[PDB]
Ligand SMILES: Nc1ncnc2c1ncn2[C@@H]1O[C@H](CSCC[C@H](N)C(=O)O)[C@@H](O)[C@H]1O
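The chain below stands alone and is given as C-alpha cells, in the form deposited without ligand SAH.
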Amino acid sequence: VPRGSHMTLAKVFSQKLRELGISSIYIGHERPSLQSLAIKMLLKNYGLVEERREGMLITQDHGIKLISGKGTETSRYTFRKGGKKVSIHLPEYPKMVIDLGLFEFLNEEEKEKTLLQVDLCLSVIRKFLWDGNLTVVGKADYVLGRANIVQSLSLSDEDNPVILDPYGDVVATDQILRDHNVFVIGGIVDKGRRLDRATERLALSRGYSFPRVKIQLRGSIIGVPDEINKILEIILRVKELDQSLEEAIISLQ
C-alpha cells in the first residue's frame, strides 16, 4: 500500500528536520515513509539518536533521505526505539468526522457493525494522518486512541465540510474532494441515506447547508463500500496519496 509524495504529516515532519539541518535518517526496519515514522515517534516511543551510519538509499521523502542496510550514503541520525522526540506542528486539516448522532436510532446489528467500523477507523487514520485528525461526534462516551470525542460539533470559520451520503445529489469527483477540508460520515439508516444527525442539528440551528456527496464507480453505487472505515480510507487515499477516486474505490474492493 505505497506512499504519496506529498503527505501532510510528512510535510510537517520534514519542515522540522530541515530546520534542524537533518537531511538524512537511518531507518533500519521501519517503513520508508515519514508519515509512518511520525506515527511511531508520536505514539510508540521512537525517536532520533545521533550516530554515524552508512546505508543504501531506500527513498527520499520531501527532501529527506531514508537509508538502511549497507551502501554509500551517510546519516548522522538514526531512527529507533527510545531515541529523542522532535516537535512537529501537527496538521489541523484535513479533518475526518464520524457522526454517531444517530447511534440510538439503530437496531442491534447496525450498532454492533457501526462500533466495529468506527474502531477500525483508528487504524485507517494512523495509516494516512494521525489520531488527532479524526473526530467522533454524537457519543460523548466513545473512546478511540487520541481521536477527538465531542458531544457536539464545534465548527470553525475555516472548516469547509462535505457530507458523504449515497443519497446526496452531487456526484463525487477527485476535484470536489480536493477542495474540501472536512469530511462527515454518518451511519446508514433505514437502509437508505447516510444520516449525520449531530451535524444536522448544528446545521439546522444556524441555517447552514453543506453539500452532500455520493461516491459512484462508473455512474453507479454498484462496487462501492458502505463501511465507514472504508469510506474513510477512500477519502484519505484521494487526499493524501493523490490517488484518483476511481482507483481508490478499486483498492477497497
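Throughout, we count residues from 1 along the sequence that is shown. Rigid core: the largest C-alpha set superposing within 1.5 Å between the two forms.
Student: Per the record, averaged over C-alpha atoms, which has the higher B-factor: 221-229 or 61-69?
Tutor: Higher of the two, by average CA B-factor, is 221-229.
Student: Quick check on the record: does 94-102 or 174-182 carry the larger mean Cα temperature factor?
Tutor: Higher mean C-alpha B-factor: 174-182.
Student: Please work out which residue in 126, 76, 89, 111 has the highest C-alpha B-factor recorded for this crystal structure.
Tutor: Largest recorded C-alpha B-factor: 89.
Student: Using the entry's values, work out which of 144, 115, 164, 140 has the largest Cα B factor.
Tutor: If I rank 144, 115, 164, 140 by C-alpha B-factor, first place goes to 140.
Student: Would you check the entry's CA temperature factor for residue 136 and let me know if it's in the chain's lowest, middle or highest third?
Tutor: Residue 136: CA B-factor falls in the lowest third of its chain.
Student: Would you check the entry's CA temperature factor for residue 32 and let me know if it's in the chain's lowest, middle or highest third?
Tutor: Within its chain, residue 32 is a middle-third residue by C-alpha B-factor, going by the deposited values.
Student: Determine, from the deposited record, the chain-internal third of the Cα B-factor for residue 47: lowest, middle or highest.
Tutor: According to the entry, residue 47 has a C-alpha B-factor in the chain's lowest third.
Student: Comparing against every modelled residue in the chain, figure out the third that the C-alpha B-factor of residue 153 lands in (lowest, middle or highest).
Tutor: For residue 153, whose C-alpha B-factor we compare with every modelled residue in the chain, the answer is the highest third.
Student: Relative to the other modelled residues in the chain, which third contains the C-alpha temperature factor of residue 169: lowest, middle or highest?
Tutor: Answer is highest: the recorded C-alpha B-factor places it there.
Quick note: we don't show the form solved in complex with ligand SAH, though the next part is all about it.
Student: If I superpose the C-alphas around the site and drop in ligand SAH as it sits in the entry with it bound, do 3 or more of its atoms land within 2.4 Å of a backbone or C-beta atom here, i.e. is the pocket blocked or open?
Tutor: The site is blocked here, because ligand SAH, transferred from its pose in the entry with it bound, has 3 or more atoms within 2.4 Å of backbone or C-beta atoms.
Student: Look up in the entry with it bound whether residue 66 has a non-hydrogen atom within 4.5 angstroms of ligand SAH, and give yes or no.
Tutor: Result no; residue 66 lies far from ligand SAH in the entry with it bound.
Student: Does at least one non-hydrogen atom of residue 164 fall within 4.5 angstroms of ligand SAH in the entry with it bound?
Tutor: Close contact exists here: in the entry with it bound, residue 164 approaches ligand SAH to within 4.5 Å, heavy atoms only.
Student: Decide whether residue 25 counts as a contact residue for ligand SAH in the entry with it bound under a heavy atom distance cut-off of 4.5 Å.
Tutor: Outside the cut-off, so no.
Student: Test of understanding: in the entry with it bound, would residue 211 fall inside 4.5 Å of ligand SAH by heavy atoms?
Tutor: No, residue 211 sits far enough from ligand SAH in the entry with it bound that none of its heavy atoms falls within 4.5 Å.
Student: Given a 4.5 Å cut-off on heavy atoms, tell me which of 66-74, 224-232, 46-54, 31-39 is the interface stretch with ligand SAH in the entry with it bound.
Tutor: It is the stretch 224-232.
Student: Do you see a C-alpha shift of 2 Å or more at residue 73 between this form and the one not shown, with the core held fixed?
Tutor: Residue 73 C-alpha, core-superposed: shift of 2 Å or more.
Student: After superposing the rigid core, is the C-alpha displacement of residue 48 2 Å or more between this form and the one not shown?
Tutor: Yes; that C-alpha moves by at least 2 Å between this form and the one not shown.
Student: Residue 89: with the rigid core matched between this form and the one not shown, does its Cα shift 2 Å or more?
Tutor: Superposed on the core, residue 89 moves its C-alpha less than 2 Å between this form and the one not shown.
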